[PDB]
Structures are given as structure tokens and as C-alpha cells.
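We're numbering straight along the sequence, starting at 1.
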Amino acid sequence: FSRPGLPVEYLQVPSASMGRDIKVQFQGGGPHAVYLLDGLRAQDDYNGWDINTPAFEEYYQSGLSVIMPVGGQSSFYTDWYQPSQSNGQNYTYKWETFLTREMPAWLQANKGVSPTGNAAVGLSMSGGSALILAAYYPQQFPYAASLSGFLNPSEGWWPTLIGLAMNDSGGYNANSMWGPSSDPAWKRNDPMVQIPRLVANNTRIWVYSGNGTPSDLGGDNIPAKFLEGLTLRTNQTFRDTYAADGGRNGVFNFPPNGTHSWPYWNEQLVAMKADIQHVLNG
């Protein structure tokens, strides 16, 4: 429940690549849009942003549309190698294809939403996704925000931790997604590795990380709050590497009282609104 009178819609958008309809929550308001990507435990009824935050209310009459894709638990909003090998998934996740081709084509044709000049905003699994979308689709996403994202997924223990978190969230298999940790797909989808693309594209990036407890990150099966701490440290390394590589269009927010939780992710979504407005609409 939120503010009465919001013109929020839900849509059924066919995905040819996944052979099914993808539900999408939507609020109009302008030709450019904020894509609000969900976390590891994404449900099939509503996007976590609508469940847990007043995102639609906060961006109402902002001059921006809001797009909340629904579904894709543990998908990393990526195109997988194969159907998840364990939990009986009967198709291959193709969420990069959906977000960069199928969905923007549908929204353009039916509503006049621009496929270019948008923002991607993600958290947990989709924080990295948002930066990867900006790295490889800069005309679509000149703005990307990562809130408690896993920003060096190919490094050290990260492939192991991501595998653990995915198995704990619906029994999904990281091997089916990007292959063994040595597979090129891990580095392809590693924001840290792709920093020079973000720099050369002049992507406007907004990067947040909390720390500690409680956590909505997922990966609760990982012991000793290790994921919560490693997430922060890798985000801090990302800030430093971005600067060292010539990056000059980023904001890095690591407040010591911040948590990896919907209340802080919403606080950041509100805080970045003026930032997004100035970048996408002038």
C-alpha cells in the first residue's frame, strides 16, 4: 500500500527468447525511464522495489517513467549458457536480451518510451547488472546505479559466494549461468574488469554500499557475515580503481551507518533522484 491515485500499471510483455510472458510494473511520466532492477530473491508477482519501498510515489511527476520488471530470481539479469542445472528450470534465462531488446522495443511501440537515454538502477545481484548494461549498451543507459552490488564477481572467492547465494535463492546454478569461474563470461560481466568501458562511455555512475546487519542481500547461507563485509570492501576497491582508471563521472556513497537493506536502498533511490533528473533531462 502506498499513495492513492498513482497511475501504476502492470504489463505482460512477451519474451521470444525465453518463450514466455514477462510481467512488468510501470508508471509513465516521460519518454525516459528509470529501470528498477530487483535483488536475488526476485518474486513472480511484484518487483521488490514495489513490495518494500515508495519508489513509484517518489518518482511520480519526476519527468521520468519507472519500469519494474517482475521475475528472474537469481538471474543476474544476464543471458545464461543453459537452463539452470538442478532446480528443473525448463528454459534458458535471457534477461539481457529481454532488457536491452525485447522490453524496450515493446515499450517504444506501445507507449512511446524511448529505448535510449535511460537509467539502470540495481541492488544486490542487479547492482552489477546495472553497471554491465551501461558498459555494453551506453546509448540505452547513460546512467547506472549499483546499490550493494557485487562489483568484482570474477575475483577470488566471489564466484564461490555468488554460487552459494544463487543456490540459496531458488536452487539456481552459477555454472549454468556463466560457466566455471574461469569461463570468459565471468570477466565479461565483472564491473571492476569493465571499468575502462564505463570511463570511455562517460557513464554517470552512482555506487552505494552498506555494511553489517540486518541484510536483504541474500546469501544468508554464507557464514560469519562474510558476504556483507566483502560487498563493502569490493565496492571501496571499485571506487579507487575507477578513479585510478580516469573515471570522473561517479558518486560513491559508503556511509558507516548504512545497511544492505531496502530502507537504505530506498534512501539512495530518493537521494539520486535530482542526480538522474539533471543527467537524463537536463
Side-chain angles (χ1 to χ4, degrees), residues 15-19 37-42 69 71-102 120 122-138 140-141 144 146 148-201 203 205 207 217-219 221-222 226-227 230-231 233-235 237-238 241-242 245:
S15 172
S17 63
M18 290 187 269
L37 306 180
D38 209 345
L40 200 72
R41 304 196 191 279
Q73 178 173 33
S74 292
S75 70
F76 277 76
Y77 292 102
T78 199
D79 278 22
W80 288 40
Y81 276 113
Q82 93 211 47
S84 188
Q85 286 327 305
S86 64
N87 63 8
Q89 186 181 42
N90 69 8
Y91 68 106
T92 305
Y93 271 152
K94 296 293 188 192
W95 272 92
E96 182 170 315
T97 293
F98 180 74
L99 291 177
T100 64
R101 298 288 183 259
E102 298 168 342
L123 62 80
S124 180
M125 75 176 184
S126 65
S129 310
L131 295 174
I132 292 304
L133 292 167
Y136 294 103
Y137 306 85
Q140 187 176 9
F141 303 110
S146 173
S148 299
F150 313 133
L151 297 195
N152 202 2
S154 69
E155 189 272 338
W157 276 75
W158 273 111
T160 301
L161 297 195
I162 284 167
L164 286 166
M166 289 173 62
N167 195 66
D168 179 73
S169 184
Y172 284 86
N173 190 346
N175 302 315
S176 302
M177 184 172 72
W178 291 335
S181 63
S182 55
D183 190 283
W186 283 88
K187 285 181 179 184
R188 188 271 185 178
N189 293 296
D190 184 314
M192 190 84 67
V193 175
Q194 305 310 325
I195 278 169
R197 299 184 190 272
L198 297 169
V199 174
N201 290 337
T203 311
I205 65 175
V207 171
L217 272 186
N221 54 327
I222 301 164
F226 185 69
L227 179 66
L230 192 64
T231 295
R233 290 189 299 278
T234 289
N235 271 284
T237 298
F238 185 98
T241 303
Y242 178 77
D245 286 0

Closest non-hydrogen atom pair, [X] against [Y]:
X: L217; Y: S124; value: O-OG, 2.7 Å
X: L99; Y: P69; value: CD2-CG, 3.8 Å
X: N235; Y: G149; value: ND2-O, 3.1 Å
X: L131; Y: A144; value: CD2-CB, 3.9 Å

Any [X] side-chain heavy atom under 4.5 Å of [Y] side chain:
X: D183; Y: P180; answer: yes
X: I205; Y: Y242; answer: yes
X: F238; Y: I195; answer: yes
X: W95; Y: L37; answer: no
X: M192; Y: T234; answer: yes
X: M177; Y: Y172; answer: no
X: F226; Y: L161; answer: yes
X: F76; Y: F150; answer: yes

In short, salt bridge (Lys or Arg N to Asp or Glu O under 4.0 Å) pairs touching residues 127-136 with sequence neighbours left out are none

message = Suppose the criterion is salt bridge (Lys or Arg N to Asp or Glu O under 4.0 Å): which pairs have a residue in residues 166-178, not counting sequence neighbours?
response =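 For residues 166-178, and leaving out neighbouring residues, the salt bridge (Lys or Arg N to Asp or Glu O under 4.0 Å) pairs sorted by first residue read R41-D168.
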
With sequence neighbours left out, the residues meeting salt bridge (charged side-chain N to carboxylate O under 4.0 Å, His left out) with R233 are none

- Message: Could you work out, with salt bridge (charged side-chain N to carboxylate O under 4.0 Å, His left out) as the rule, every residue matching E96, not counting sequence neighbours?
- Response: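 Once residues adjacent in sequence are excluded, the partners of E96 under the salt bridge (charged side-chain N to carboxylate O under 4.0 Å, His left out) criterion are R188.
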
Sorted by chain and number, sequence neighbours left out, ring-ring contact (aromatic ring centres under 6.0 Å, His included) with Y91 holds for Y93

Notebook entry, point to check: Between the side chains of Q85 and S176, is a donor N or O closer than 3.5 angstrom to an acceptor N or O?
Noted result: no

Does the side chain of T97 pick up a donor-acceptor pair with the side chain of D79 at under 3.5 Å? yes

* **Listed partners of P138 passing side chain to side chain contact (heavy atoms under 4.5 Å, CB included), at least two apart** =>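 Counting only residues at least two positions away or on another chain, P138 forms a side chain to side chain contact (heavy atoms under 4.5 Å, CB included) with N201.
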
Hey, what do you get for OH (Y136) to CG (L198), rounding to the nearest 0.5 Å?
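Reported to 0.5 Å precision, the distance equals 9.5 Å.
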
The reported gap from CG in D190 to CG in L151 (rounded to nearest 0.5 angstrom) is 8.5 Å

Quiz prompt | Passing option when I132 is tested against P191, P153, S126, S146 for side chain to side chain contact (heavy atoms under 4.5 Å, CB included) | solution =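 Exactly one pass, corresponding to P191.
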
